[PDB]
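Undergrad: Okay, so here is target26.tsv, and as you'll see once you scroll down, it has TSV, N, CA and C atoms and all ligand atoms.
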chain	number	residue	atom	x	y	z
A	1	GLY	N	122.05	123.33	86.53
A	1	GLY	CA	121.05	122.29	86.61
A	1	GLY	C	121.03	121.60	87.96
A	2	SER	N	120.13	122.04	88.83
A	2	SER	CA	120.02	121.46	90.17
A	2	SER	C	120.27	119.95	90.13
A	3	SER	N	119.64	119.28	89.18
A	3	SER	CA	119.78	117.84	89.03
A	3	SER	C	119.37	117.12	90.32
A	4	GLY	N	118.28	117.57	90.92
A	4	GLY	CA	117.79	116.96	92.14
A	4	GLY	C	118.56	117.43	93.36
A	5	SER	N	118.47	118.73	93.65
A	5	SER	CA	119.16	119.31	94.80
A	5	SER	C	118.26	119.31	96.03
A	6	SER	N	117.03	119.78	95.86
A	6	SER	CA	116.08	119.84	96.95
A	6	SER	C	114.64	119.87	96.43
A	7	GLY	N	113.79	119.03	96.99
A	7	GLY	CA	112.41	118.97	96.57
A	7	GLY	C	111.87	117.55	96.52
A	8	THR	N	110.91	117.31	95.64
A	8	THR	CA	110.31	115.99	95.50
A	8	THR	C	110.54	115.43	94.10
A	9	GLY	N	111.62	114.67	93.94
A	9	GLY	CA	111.93	114.09	92.65
A	9	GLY	C	112.65	112.75	92.77
A	10	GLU	N	111.90	111.72	93.14
A	10	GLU	CA	112.47	110.38	93.29
A	10	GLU	C	111.41	109.31	93.08
A	11	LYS	N	111.85	108.14	92.63
A	11	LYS	CA	110.94	107.02	92.38
A	11	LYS	C	111.64	105.69	92.61
A	12	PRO	N	110.90	104.71	93.15
A	12	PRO	CA	111.43	103.37	93.43
A	12	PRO	C	111.70	102.59	92.15
A	13	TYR	N	111.43	103.21	91.01
A	13	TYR	CA	111.65	102.56	89.72
A	13	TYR	C	112.14	103.57	88.68
A	14	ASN	N	112.90	103.08	87.70
A	14	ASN	CA	113.44	103.93	86.65
A	14	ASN	C	113.89	103.10	85.45
A	15	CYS	N	113.73	103.66	84.26
A	15	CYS	CA	114.11	102.97	83.03
A	15	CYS	C	115.55	103.33	82.64
A	16	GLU	N	116.44	102.35	82.71
A	16	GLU	CA	117.83	102.56	82.36
A	16	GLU	C	118.04	102.46	80.85
A	17	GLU	N	116.94	102.54	80.10
A	17	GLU	CA	117.00	102.46	78.65
A	17	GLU	C	116.76	103.83	78.01
A	18	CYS	N	115.81	104.57	78.56
A	18	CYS	CA	115.48	105.89	78.05
A	18	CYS	C	115.73	106.96	79.12
A	19	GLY	N	115.26	106.69	80.33
A	19	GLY	CA	115.43	107.64	81.42
A	19	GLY	C	114.11	108.10	82.01
A	20	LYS	N	113.14	107.19	82.06
A	20	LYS	CA	111.82	107.50	82.60
A	20	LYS	C	111.64	106.87	83.98
A	21	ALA	N	111.31	107.70	84.96
A	21	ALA	CA	111.10	107.22	86.33
A	21	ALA	C	109.67	106.73	86.52
A	22	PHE	N	109.51	105.74	87.40
A	22	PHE	CA	108.19	105.18	87.67
A	22	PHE	C	107.97	105.03	89.17
A	23	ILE	N	106.76	105.35	89.62
A	23	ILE	CA	106.41	105.24	91.03
A	23	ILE	C	106.23	103.79	91.45
A	24	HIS	N	105.73	102.97	90.53
A	24	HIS	CA	105.51	101.56	90.80
A	24	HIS	C	106.11	100.69	89.70
A	25	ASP	N	106.11	99.38	89.92
A	25	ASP	CA	106.65	98.44	88.94
A	25	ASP	C	105.72	98.32	87.73
A	26	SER	N	104.54	97.76	87.96
A	26	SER	CA	103.56	97.58	86.89
A	26	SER	C	103.63	98.73	85.89
A	27	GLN	N	103.79	99.94	86.40
A	27	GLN	CA	103.88	101.12	85.56
A	27	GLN	C	105.09	101.05	84.64
A	28	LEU	N	106.27	100.88	85.23
A	28	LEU	CA	107.51	100.79	84.46
A	28	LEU	C	107.46	99.62	83.49
A	29	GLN	N	107.12	98.45	84.00
A	29	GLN	CA	107.04	97.25	83.17
A	29	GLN	C	106.16	97.49	81.95
A	30	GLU	N	104.99	98.09	82.17
A	30	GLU	CA	104.06	98.38	81.08
A	30	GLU	C	104.69	99.32	80.06
A	31	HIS	N	105.86	99.87	80.41
A	31	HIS	CA	106.56	100.78	79.52
A	31	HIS	C	107.76	100.10	78.87
A	32	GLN	N	108.56	99.41	79.69
A	32	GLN	CA	109.74	98.71	79.20
A	32	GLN	C	109.39	97.84	78.00
A	33	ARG	N	108.11	97.49	77.87
A	33	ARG	CA	107.65	96.65	76.77
A	33	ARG	C	107.91	97.33	75.43
A	34	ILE	N	107.81	98.66	75.41
A	34	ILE	CA	108.04	99.43	74.19
A	34	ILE	C	109.45	99.21	73.66
A	35	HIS	N	110.39	98.97	74.57
A	35	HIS	CA	111.78	98.74	74.19
A	35	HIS	C	111.98	97.32	73.69
A	36	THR	N	111.48	96.35	74.45
A	36	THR	CA	111.61	94.95	74.08
A	36	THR	C	111.18	94.71	72.64
A	37	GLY	N	110.13	95.41	72.22
A	37	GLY	CA	109.64	95.26	70.86
A	37	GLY	C	110.45	96.07	69.86
A	38	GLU	N	109.78	96.56	68.82
A	38	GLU	CA	110.45	97.35	67.79
A	38	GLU	C	110.21	98.84	68.01
A	39	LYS	N	111.17	99.51	68.63
A	39	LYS	CA	111.07	100.94	68.90
A	39	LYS	C	110.57	101.69	67.67
A	40	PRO	N	109.75	102.72	67.89
A	40	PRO	CA	109.20	103.54	66.81
A	40	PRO	C	110.26	104.40	66.13
A	41	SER	N	109.81	105.40	65.38
A	41	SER	CA	110.72	106.30	64.68
A	41	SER	C	110.77	107.67	65.35
A	42	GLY	N	111.70	107.82	66.29
A	42	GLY	CA	111.83	109.08	67.00
A	42	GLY	C	112.70	108.96	68.24
A	43	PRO	N	112.28	108.10	69.18
A	43	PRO	CA	113.01	107.88	70.43
A	43	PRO	C	114.33	107.14	70.21
A	44	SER	N	114.64	106.87	68.95
A	44	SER	CA	115.87	106.17	68.60
A	44	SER	C	117.08	107.10	68.71
A	45	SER	N	117.24	107.71	69.88
A	45	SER	CA	118.35	108.63	70.11
A	45	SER	C	119.22	108.14	71.26
A	46	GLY	N	118.60	107.91	72.42
A	46	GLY	CA	119.34	107.44	73.57
A	46	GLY	C	118.46	107.31	74.80
B	101	ZN	ZN	112.22	103.37	78.69
As a first step, turn the structure in this file into structure tokens.
TA:
Amino acid sequence: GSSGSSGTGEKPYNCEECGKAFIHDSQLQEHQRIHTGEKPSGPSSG
């Protein structure tokens, strides 16, 4: 698993709750909201 060896795979933002990268803040924030609330039935893994 290269795990980011060479290429284009980086973002100034990232979710330390699920593992989703974001190019901008507004984007990430608009997502982190899903965690603050009551997570659905599925992503309840890690
Ligand atoms: Zn997340």
Undergrad: Please return as JSON, numbers by chain the residues found within 6.5 Å of ligand ZN 101 (chain B), counting all atoms listed in the file.
TA: {"A": [15, 16, 17, 18, 19, 20, 31, 32, 35]}
Undergrad: For atom CA of residue A:37 and atom N of residue A:10, determine how far apart the two atoms are, in Å to one decimal place.
TA: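 Separating atom CA of residue A:37 from atom N of residue A:10 is a distance of 27.8 Å.
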Undergrad: Interatomic distance between atom CA of residue A:44 and atom N of residue A:2?
TA: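 If I compute the distance from atom CA of residue A:44 to atom N of residue A:2, I get 26.1 Å.
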Undergrad: In Å, rounded to a single decimal, give me how far atom CA of residue A:25 is from atom CA of residue A:43.
TA: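 Those two atoms sit 21.7 Å apart.
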Undergrad: Please report, as a list in words, each residue of chain A to which DSSP assigns strand (DSSP E) when run on this structure's backbone.
TA: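 Taking chain A and keeping strand (DSSP E) only, one gets residues 13, 14, 21 and 22 of chain A.
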Undergrad: Please, could you write that set of residues out with N, CA and C atoms as a tab-separated table (two decimals), keeping the file's coordinate frame?
TA:
chain	number	residue	atom	x	y	z
A	13	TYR	N	111.43	103.21	91.01
A	13	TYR	CA	111.65	102.56	89.72
A	13	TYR	C	112.14	103.57	88.68
A	14	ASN	N	112.90	103.08	87.70
A	14	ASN	CA	113.44	103.93	86.65
A	14	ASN	C	113.89	103.10	85.45
A	21	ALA	N	111.31	107.70	84.96
A	21	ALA	CA	111.10	107.22	86.33
A	21	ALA	C	109.67	106.73	86.52
A	22	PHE	N	109.51	105.74	87.40
A	22	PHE	CA	108.19	105.18	87.67
A	22	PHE	C	107.97	105.03	89.17
Undergrad: Looking only at alpha helix (DSSP H) from DSSP on the backbone, list the matching residues of chain A as a short mmCIF file (atom, residue, chain, number, x, y, z; two decimals) with N, CA and C atoms, keeping the file's coordinate frame.
TA:
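So states.cif came out as:
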data_model
loop_
_atom_site.label_atom_id
_atom_site.label_comp_id
_atom_site.auth_asym_id
_atom_site.auth_seq_id
_atom_site.Cartn_x
_atom_site.Cartn_y
_atom_site.Cartn_z
N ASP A 25 106.11 99.38 89.92
CA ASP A 25 106.65 98.44 88.94
C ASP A 25 105.72 98.32 87.73
N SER A 26 104.54 97.76 87.96
CA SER A 26 103.56 97.58 86.89
C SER A 26 103.63 98.73 85.89
N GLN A 27 103.79 99.94 86.40
CA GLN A 27 103.88 101.12 85.56
C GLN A 27 105.09 101.05 84.64
N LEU A 28 106.27 100.88 85.23
CA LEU A 28 107.51 100.79 84.46
C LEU A 28 107.46 99.62 83.49
N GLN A 29 107.12 98.45 84.00
CA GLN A 29 107.04 97.25 83.17
C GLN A 29 106.16 97.49 81.95
N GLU A 30 104.99 98.09 82.17
CA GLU A 30 104.06 98.38 81.08
C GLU A 30 104.69 99.32 80.06
N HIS A 31 105.86 99.87 80.41
CA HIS A 31 106.56 100.78 79.52
C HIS A 31 107.76 100.10 78.87
N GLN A 32 108.56 99.41 79.69
CA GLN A 32 109.74 98.71 79.20
C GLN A 32 109.39 97.84 78.00
N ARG A 33 108.11 97.49 77.87
CA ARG A 33 107.65 96.65 76.77
C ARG A 33 107.91 97.33 75.43
N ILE A 34 107.81 98.66 75.41
CA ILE A 34 108.04 99.43 74.19
C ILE A 34 109.45 99.21 73.66
N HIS A 35 110.39 98.97 74.57
CA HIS A 35 111.78 98.74 74.19
C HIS A 35 111.98 97.32 73.69
N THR A 36 111.48 96.35 74.45
CA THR A 36 111.61 94.95 74.08
C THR A 36 111.18 94.71 72.64
#
Undergrad: Go through A:46, A:29, A:41, A:1 one by one, measure the shortest atom-to-atom distance of each to residue A:14 using only C-alpha atoms, and give the residue with the smallest value.
TA: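 For residue A:14, the nearest of the candidates is A:29.
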Undergrad: Quick one: 3 Å padding each side, axis-aligned, all listed atoms of stretch 38-46 of chain A - centre and edge lengths in Å to one decimal, as lines of an AutoDock Vina configuration file?
TA:
center_x = 114.3
center_y = 102.8
center_z = 69.7
size_x = 16.1
size_y = 18.5
size_z = 16.1
